[PDB]
Amino acid sequence: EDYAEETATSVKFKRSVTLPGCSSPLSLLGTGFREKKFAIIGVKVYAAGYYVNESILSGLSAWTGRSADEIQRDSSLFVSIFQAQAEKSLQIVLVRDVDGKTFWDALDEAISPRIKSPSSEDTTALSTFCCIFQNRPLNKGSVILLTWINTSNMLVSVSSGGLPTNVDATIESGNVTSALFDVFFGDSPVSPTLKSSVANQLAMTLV
Ligand SMILES: CCCCCCCCCCCCCCCC(=O)O
């Protein structure tokens, strides 16, 4: 159809989308959910959809004909996706309210271990990134867009509902851009389902 459904949360993701600051429409490559245990039982925090400009597919021809499992366990393939000279974006849709401390804790846990010694440029990028979320309630239904323009530039947008239409911030930092990608597609993805979904789709596409 025109929309895909994320199994666990039932959140719908349009298969082809036009995103803020992106010239060409992007195609949905995978979906998944992120769950976390704050107390006793794990709960679903958000649904996520990863999009890519179809132009990056040609750049992954070295992996043609590989299985989903081979693709999933190949770090070089995901690094190649990150390095591709095209636009990619992650659409996060909150399925529960997220308060300030919860948000900062998660951001710190994701960034800090990956950037032990931030450069002045990284600090500036992170400050700009955080400013967008400061004094901003992240209630259920909120949509966050993390768009990769290149290996060092990202466009970030947030809405309280519906796909953002504006670019809230543009940041420059290879370390921050790389760190955020690793959060979702590295060895310990926060959303194993999202990574597996992307791997499966790539296996079908790189045939
Ligand atoms: C566990 C609650 C976290 C709330 C997630 C809100 C989405 C913010 C997107 C910015 C990326 C920050 C990386 C951390 C991702 C994560 O821990 O789920």
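This deposited entry lists X-ray crystallography as its structure determination method and 1.7000 Å as its resolution.

1. Considering the sheet that holds strand β8 (residues 153–159)
Taken in spatial order, the seven strands line up as β3-β4-β5-β6-β7-β8-β9 in an open sheet, and their pairing is antiparallel. Since the sheet does not close on itself, it has two edges, and those belong to β3 (16–17) and β9 (169–172), each with one partner. Here β3 runs beside strand β4 (residues 26–37); their pairing, made up of two bridges, is antiparallel. Residue pairing for β4: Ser16 is matched across the bridge by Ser27. Lying on the sheet, helix α4 (residues 120–133) is in contact with β7 (143–150), β8 and β9; it crosses β9 at an angle near 160°.

2. As for the domain arrangement of the protein chain
Think of interface size as the accessible area that goes away when the parts come together; that is how it is often given. In terms of domain boundaries, the protein chain breaks down into domain 1 (1–55 + 84–184) and domain 2 (56–83 + 185–207). Each of domain 1 and domain 2 has a C-alpha centre, and the two are 19 Å apart. Listed by partner, the interface residues are 27 residues for domain 1 and 22 residues for domain 2. The junction of domain 1 with domain 2 conceals about 2100 Å² of combined surface from both sides, 65% of it contributed by carbon and sulfur atoms. Three residues stand out in domain 1 for area buried against domain 2, namely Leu29, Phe181 and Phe184, and they jointly supply 31% of the buried area on that side. Applying the counting criterion to the domain 1 and domain 2 interface returns zero salt bridges.

3. So, the nonpolar core
In this structure, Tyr50, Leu90, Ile92, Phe133, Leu146, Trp148 and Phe184 are the most contacted members of the largest nonpolar core, which totals 54 residues. Counting residues per element, this core draws most heavily on helix α5 (residues 174–185), which supplies seven residues. Domain assignment of the residues forming this core places at least three in each of domain 1 (1–55 + 84–184) and domain 2 (56–83 + 185–207). In terms of nonpolar packing, the next biggest core, distinct from the first, is built from 14 residues, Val17, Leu19, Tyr51 and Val95 among them.

Rules and cut-offs
- Residues numbered from 1 in each chain as written, not as in the entry; some residues may be left out.
- Heavy atoms only, no water.
- Pairing = 2+ DSSP bridges.
- Helix = DSSP H or I, 4+ residues; strand = E, 2+ residues; numbered from the N terminus.
- Contact = heavy atoms within 4.5 Å.
- Axes fitted to C-alpha atoms, helices over the stretch in contact; angles between N-to-C directions.
- Domains from an automatic or database assignment.
- Buried area = accessible area lost by both parts, 1.4 Å probe.
- Salt bridge = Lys/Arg side-chain N within 4 Å of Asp/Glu carboxyl O.
- Core = buried A, V, L, I, M, F, W, Y, C linked by side-chain atoms within 4.5 Å.
- Buried < 20%, exposed > 50% of the residue type's maximum accessible area, 1.4 Å probe, protein only.

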